[PDB]
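Below you will find one chain, with nothing else, as structure tokens; this is the form deposited in one PDB entry, and questions on how it binds or moves follow later.
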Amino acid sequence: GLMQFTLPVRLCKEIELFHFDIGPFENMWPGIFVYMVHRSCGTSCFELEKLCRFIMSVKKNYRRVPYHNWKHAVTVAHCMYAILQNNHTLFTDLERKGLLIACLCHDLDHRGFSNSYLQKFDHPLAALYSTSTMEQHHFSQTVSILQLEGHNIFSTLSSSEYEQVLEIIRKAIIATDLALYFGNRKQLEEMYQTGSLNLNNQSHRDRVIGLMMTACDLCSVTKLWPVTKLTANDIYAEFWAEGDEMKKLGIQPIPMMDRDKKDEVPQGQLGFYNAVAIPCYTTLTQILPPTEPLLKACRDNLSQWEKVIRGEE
């Protein structure tokens, strides 16, 4: 009950900033996550014995892939933690509880391949879930870990609070399907501008939590340049492996996935920042103004990719 996690001084301060990197010491990531839950939520939200057993089962069920791995889970939960802490009064107790777990669980048992590749391979998951294939699987894997003896961190919620939180986590994880981001953001842009945005309308809150999930998921582009650049090697390592597998099925991959086209990476990052990242954090800054540091860090990194193209690094 009276047992806080404390971090060393540099982490205790930097963890509150959007651009915080959780570092290369894996054994500290669980304590960082618990630290974030205790400050975002209270030392009571969860039974420590139970939370600790849920965190280590989740860890176990992420794979050793270059990008979509345990480090990503915790990094995406941290960005959510920073958004929640800079917007204290906008979110319910339930939403704080559900969204940190949603983020930690959002890529469970990812194998390093897109929904596209599962469908062209004809993977069994592609017959069971025809859209948002991996995302329906990640939510499925979350419910499975919650129902292991001694893993139900929500067991002290009322039956109705319990159904509300699983529903928040389900919509939160499905929203990490980038194919659903483009339409969700368009609707939010139209609602915010025509003045109809209403955070007491549940379907509007749904949409907003969805945008938050895309912003946390893409938060590699909001870090200091050296973190952003080294993460891109990890991201491209999964993409090019997926490309190699496309060629094994006799399909030319899209250029993003073709390792023969390493040369064009800088221009391909420009497109990504311009079509996805900048508009994501722009709309997110309009709805939730304290998240502006994410938009500013993203613009700084676009400008660093422009410098790479102009031969200046």
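So that there is no doubt, residue numbering starts at 1 and follows the sequence shown. Rigid core (definition): largest C-alpha set, two forms, superposition within 1.5 Å.
Quick check on the record: does 65 to 73 or 253 to 261 carry the larger mean Cα temperature factor? Going by the record's values, the stretch with the higher mean is 253 to 261.
Quick check on the record: does 279 to 287 or 45 to 53 carry the larger mean Cα temperature factor? Mean CA B-factor is higher for 45 to 53.
Out of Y162, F239, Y81, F182, residue topping the C-alpha B-factor column of the entry: Largest recorded C-alpha B-factor: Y162.
Among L90, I235, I174, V227, where is the Cα temperature factor highest, going by the PDB entry? Comparing C-alpha B-factors across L90, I235, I174, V227, the top value belongs to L90.
Chain-relative CA temperature factor third for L146: For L146, the deposited C-alpha B-factor lands in the highest third.
Taking the C-alpha B-factors as the PDB entry records them, is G112 in the lowest, middle or highest third of its chain? Its C-alpha B-factor, which the entry lists for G112, ranks in the lowest third among residues of this chain.
Going by the recorded CA B-factors, say which third of the chain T133 sits in, lowest, middle or highest. Middle third, going by the recorded CA B-factors of the chain.
Comparing against every modelled residue in the chain, figure out the third that the C-alpha B-factor of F154 lands in (lowest, middle or highest). Its C-alpha B-factor belongs to the highest third of this chain's values.
Within-chain third of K120 by Cα B-factor, per the entry: Within its chain, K120 is a middle-third residue by C-alpha B-factor, going by the deposited values.
Keep in mind that the form deposited in another entry is not shown, yet the notes after this line are about it.
Which one of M256, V34, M28, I251 is the only residue whose C-alpha moves by 2 Å or more between the shown form and the other one, after superposing on the core? Going through each option, the one that shifts is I251.
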